[PDB]
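Novice: The data below comprise the sequence and an experimental structure of the protein.
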Amino acid sequence: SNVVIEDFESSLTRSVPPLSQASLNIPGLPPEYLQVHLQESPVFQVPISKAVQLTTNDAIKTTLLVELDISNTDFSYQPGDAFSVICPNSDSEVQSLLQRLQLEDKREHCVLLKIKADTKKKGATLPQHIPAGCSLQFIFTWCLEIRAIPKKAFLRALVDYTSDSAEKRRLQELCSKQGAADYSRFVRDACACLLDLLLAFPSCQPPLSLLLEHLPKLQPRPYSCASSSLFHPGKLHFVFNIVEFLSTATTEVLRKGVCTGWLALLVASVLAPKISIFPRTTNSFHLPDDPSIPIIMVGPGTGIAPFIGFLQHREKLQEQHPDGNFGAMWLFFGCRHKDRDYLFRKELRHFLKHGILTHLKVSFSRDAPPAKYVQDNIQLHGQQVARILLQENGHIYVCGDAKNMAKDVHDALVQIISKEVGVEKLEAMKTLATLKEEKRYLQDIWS
């Protein structure tokens, strides 16, 4: 086998008619402004003390629970809080990119930044997210989102540093009006990153200054607290799916997410390494101050995470004060398969056995014969749901990755209120809006 490609096959590097033949409207060149010289020369670091795989080996997505030891910090949290994790790029991707830029041998040189004297960019300032005088290695590992999908203006600037006629023409197409569909297909939908682009266009030799003008900040990733300090003193738990997605990489089929791919590598020997975290300033996804108030928790898949924290917190509260007036706690949980991704099955049973969790309703979306999704079970218990919210001052909490799930749960609630109270659909919609304004309908949506 040699690789043989047919005349009709378009791809990142190759267009077909009409684009391959079109006259192009190409964006203006962004004005360069950074001068780079390579000079030869409230965050908490916490250990990972435990990690557990929550899903079976054949689950479509792998879910881990990670425990951090916060005992030697002054960090505190309440169930439902989020915190940020400061994660690096993969060493192999950083090395591959520096090698591609002819800079691997300069990786320990310090990056010194100034504004070019001759720049035509008004208001030019130095990128806040690149710390002055750090090593090239450090900046690519910890400061730049090298995974970012290159914008059309970045592709435009790369045109000028590409010497091969066909390659140059292709980048012109990809950043042009006419090329919008090829861009959306081959760059945006494909999740192409700078490295993928440079490997696919080998004659493109951009300067380091250009990259530093366009690569964005490597953002920390937030995670939800999935424990109570009352239950696991000195510890903080969180729960995540390892993100896997298809990418432009030629010698690689699946890429992992930056933060979850890193966490998964770190914990392989725990399943101690240390990670840096910081708290979010504002958190609002909390249990009611008044423990008598009943609550409804809706958390499909890893959306269950904050509610494990809520239940551990209430178990401890109840132990402190038996005979206390404690509101009901309902959980609507959803997963794909009872035998693969039923997160926390045993712990939930413990909560029910001990009367902390009042009701549990679980849906299995891909099991054979029932409720497929959480909103189906919510509708089956519409009478109780409406009463808790409208007569008992209850709160309802919706957590999870999909905005689709949140809208579907919202629309179920509209139906339930309309049906149970006998009001118009519009009045039910306004009811839920007012519950959100009153902070009794809370959402923690992750994407």
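Specialist: Okay, I see it. Numbering: from 1, shown residues only.
Novice: For residue 58, see how far away residue 16 is.
Specialist: According to C-beta to C-beta, to the nearest Å, residue 16 and residue 58 sit 40 Å apart. Every residue, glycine included, has its C-beta placed from N, CA and C.
Novice: more neighbours, those two?
Specialist: residue 16 (13 against 9; other C-beta atoms under 10 Å).
Novice: For my notes, confirm that one occurs in a strand.
Specialist: No. Looking at residue 16 with DSSP: H, G, I helix; E, B strand; the rest coil, it is coil, so not inside a strand.
Novice: Need the nearest residue in space to it, chain neighbours excluded.
Specialist: Closest residue to residue 16 apart from its sequence neighbours, by C-beta to C-beta, 6 or more residues apart in numbering: residue 10 at 4.7 Å.
Novice: Isn't the one you found up against residue 181?
Specialist: No. In this structure residue 10 lies outside contact range of residue 181 using C-beta atoms under 8 Å: 10.3 Å.
Novice: With neighbour numbers in mind, choose between the two.
Specialist: It is residue 10, of residue 10 and residue 181, that has more neighbours when counted by other C-beta under 10 Å, with 14 against 9.
Novice: how about the strands in the stretch 1-150 of the chain?
Specialist: Ranges of strands in the stretch 1-150 of the chain, per DSSP state E, counting those that start in this stretch, are 34-39, 44-53, 63-69, 82-86, 110-115.
Novice: Please indicate which of the ones you listed has the most neighbours on average?
Specialist: Most buried of the strands of the stretch 1-150 of the chain by mean neighbour count (mean count of other C-beta atoms under 10 Å) is strand 63-69; its value is a mean of 21.
Novice: partners of that one, with directions?
Specialist: strand 44-53 (antiparallel), strand 235-241 (antiparallel) (DSSP bridges).
Novice: one step back: nearest to residue 292, of the strands of the stretch 1-150 of the chain?
Specialist: Checking these against residue 292 by C-beta to C-beta gives strand 82-86 as the closest, at 26.5 Å.
Novice: Now do that closest one and strand 44-53, the angle between them.
Specialist: 100 degrees (axes from the mean of the first three to the mean of the last three C-alpha atoms, to 10 degrees).
Novice: residues making contact with strand 82-86?
Specialist: When contacts are defined by C-beta atoms under 8 Å, 6 or more residues apart in numbering, strand 82-86 is touched by residues 43, 77, 142, 220-225, 236, 238, 259, 263, 275-280, 283, 285, 444.
Novice: one more time with 10 Å
Specialist: With contact meaning C-beta atoms under 10 Å, 6 or more residues apart in numbering, strand 82-86 is reached by 43-45, 66, 68, 70, 75, 77, 142, 218-225, 236, 238, 240, 259-260, 262-263, 275-280, 282-283, 285, 306, 444, 446.
Novice: mind listing which of the residues you listed are in helices?
Specialist: 142, 259, 260, 262, 263, 306 (DSSP state H).
Novice: By neighbours, which of these wins?
Specialist: Highest neighbour count within these: residue 306, with 27 neighbours (other C-beta under 10 Å).
Novice: in the sheet, who's paired with residue 396?
Specialist: residue 296, residue 441.
Novice: just use 615 as the starting number from now, easier for me
Specialist: OK, 615 is where the count begins now, so the last one is residue 1010.
Novice: so how far is residue 1000 from it?
Specialist: To residue 1000, residue 1010 is 11 Å away according to C-beta to C-beta.
Novice: Residue 627 too?
Specialist: Applying C-beta to C-beta, the value for residue 627 to residue 1000 is 58 Å.
Novice: quick one: which of these two has more around it?
Specialist: Using other C-beta under 10 Å as the criterion, residue 627 and residue 1000 rank with residue 1000 on top: 21 against 14.
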